[PDB]
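Report on the structure given below.
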Amino acid sequence: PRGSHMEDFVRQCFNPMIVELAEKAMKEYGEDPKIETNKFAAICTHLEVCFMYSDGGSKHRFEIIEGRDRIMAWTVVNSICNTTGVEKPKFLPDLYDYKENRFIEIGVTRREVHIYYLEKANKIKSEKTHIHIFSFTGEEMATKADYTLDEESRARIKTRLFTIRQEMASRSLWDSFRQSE
Ligand SMILES: O=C1NCCc2cccc(c2)OC/C=C\COc2cccc(c2)-c2nc1c(O)c(=O)[nH]2
Ligand SMILES: [Mn+2]
Ligand SMILES: [Mn+2]
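Residues -4 to 53, 73 to 195 (PDB author numbering) are what the sequence shown spells out, left to right.
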């Protein structure tokens, strides 16, 4: 298969630490970034979005669950649950908001904004965990219209998503990413 050249953009566009974290996360599940480059980009973007989400809070407002070893990412959730008495989610979340004591599941969708929620709410029947979806076009959708974060932080988020979209369109690989889900 040799190289991919889209992974080159993925490496030149994202934080080196984010790239390494996404690479190790994909390799954990028997997937190759060198071939699944659209994946690679999707997991890198999800990682970055979760990171700006955690940064847009206060100081201890968010416990980051995504970007960890599966065993440790579960250990921290078990600790959170035995701490706050919150029922453990059936599926591993993304963040945990201490301020409002809820597991936030960050969704970075590619198709319609409604479809990602229609899938995520159906996946985790645990109605306690919160669900928040961002869009590449610049839209969003949260659970019970409770968007948790501010508005300028979320706006900076969607700005970053549209910047990544424009960068992908510059090198003419945008439809290849939109048609890979
Ligand atoms: O928590 C998560 N965990 C998934 C961890 C992972 C990383 C790499 C490879 C994997 C598993 O195995 C491959 C089979 C399918 C997965 O591929 C995609 C592709 C695009 C987005 C996501 C997953 C996505 N993952 C999560 C989210 O929370 C989320 O919003 N989106
Ligand atoms: Mn996740
Ligand atoms: Mn998620």
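Note that CB positions come from ideal geometry on N, CA and C, so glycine has one too.
So the beta strand (DSSP E) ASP111 belongs to, where does it begin and stop? Numbered from its first residue, the sequence shown carries residue 111 at position 97. Its beta strand (DSSP E) spans residues 109 to 111.
Would you check if the distance between the CB atom of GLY25 and the CB atom of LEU42 is smaller than 8 Å? Taking the sequence shown and counting its residues from 1, one reaches residue 25 at position 30. Taking the sequence shown and counting its residues from 1, one reaches residue 42 at position 47. Using a Cβ distance threshold of 8 Å, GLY25 and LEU42 do not count as a contacting pair.
Quick check on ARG116: does DSSP put it in helix, strand or coil? Counting from one through the sequence shown, the residue named residue 116 turns up at place 102. The answer is strand: DSSP assigns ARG116 an E or B state.
Taking 8 Å as the cut-off, decide whether the C-beta atoms of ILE147 and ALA135 are in contact. Position 133 of the sequence shown, counting from 1, holds the residue named residue 147. Position 121 of the sequence shown, counting from 1, holds the residue named residue 135. For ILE147 and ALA135, no; Cβs fall outside 8 Å.
Nearest-residue set for ligand 4, Cβ under 5 Å from any heavy atom: Absence of ligand 4 is noted for the structure shown, with ligand 1, ligand 2 and ligand 3 being the only ligands found.
On the criterion of 16 or more Cβ atoms from any shown chain inside 10 Å, does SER190 qualify as buried, or is it exposed? One-based indexing of the sequence shown puts residue 190 at position 176. Answer is exposed; the Cβ neighbour count stays below 16.
May I have the straight-line CA-CA distance separating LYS104 from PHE4, to the nearest angstrom? As a first step, residue 104 must be located in the sequence shown, where it is residue number 90. As a first step, residue 4 must be located in the sequence shown, where it is residue number 9. In this structure, the straight-line span from the alpha carbon of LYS104 to that of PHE4 is close to 35 Å.
Output the distance between the C-alpha atoms of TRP188 and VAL14, rounded to the nearest integer angstrom. Taking the first residue of the sequence shown as 1, we reach residue 188 at position 174. Taking the first residue of the sequence shown as 1, we reach residue 14 at position 19. In this structure, the CA atom of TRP188 is about 19 Å from the CA atom of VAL14.
Should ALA159 be labelled buried (16 or more other beta-carbon atoms within 10 Å of its own) or exposed? As a working note, residue 159 is residue 145 in the sequence shown. Its Cβ having fewer than 16 others within 10 Å, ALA159 is exposed.
Thinking C-alpha only, which one of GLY(-2), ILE85, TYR48 is nearest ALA20? Counting from 1 along the sequence shown, the entry for residue 20 is found at position 25. Residue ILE85 is the option with its Cα nearest to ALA20.
In chain order, what residues of the same chain lie with their CB nearer than 7 Å to the CB of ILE79, ignoring the 5 residues before and after it? Looking up residue 79 in the sequence shown gives position 65. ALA87, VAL90, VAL91, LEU106, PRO107, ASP108, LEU109, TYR110.
To the nearest angstrom, report how far apart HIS128 and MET155 are at their CA atoms. The sequence position of residue 128 within the sequence shown is 114, counting from 1. The sequence position of residue 155 within the sequence shown is 141, counting from 1. When the Cα atoms are used, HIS128 and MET155 turn out to be separated by approximately 8 Å.
Just grab the DSSP bridge partners of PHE4 for me. Here the question's residue 4 lines up with position 9 in the sequence shown. DSSP output for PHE4 lists no bridge partner at all.
Please look up how many angstroms separate the CB atoms of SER(-1) and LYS29, rounded, as I've assumed it's under 8 Å. The sequence position of residue -1 within the sequence shown is 4, counting from 1. The sequence position of residue 29 within the sequence shown is 34, counting from 1. With a Cβ gap of about 6 Å, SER(-1) and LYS29 count as contacting.
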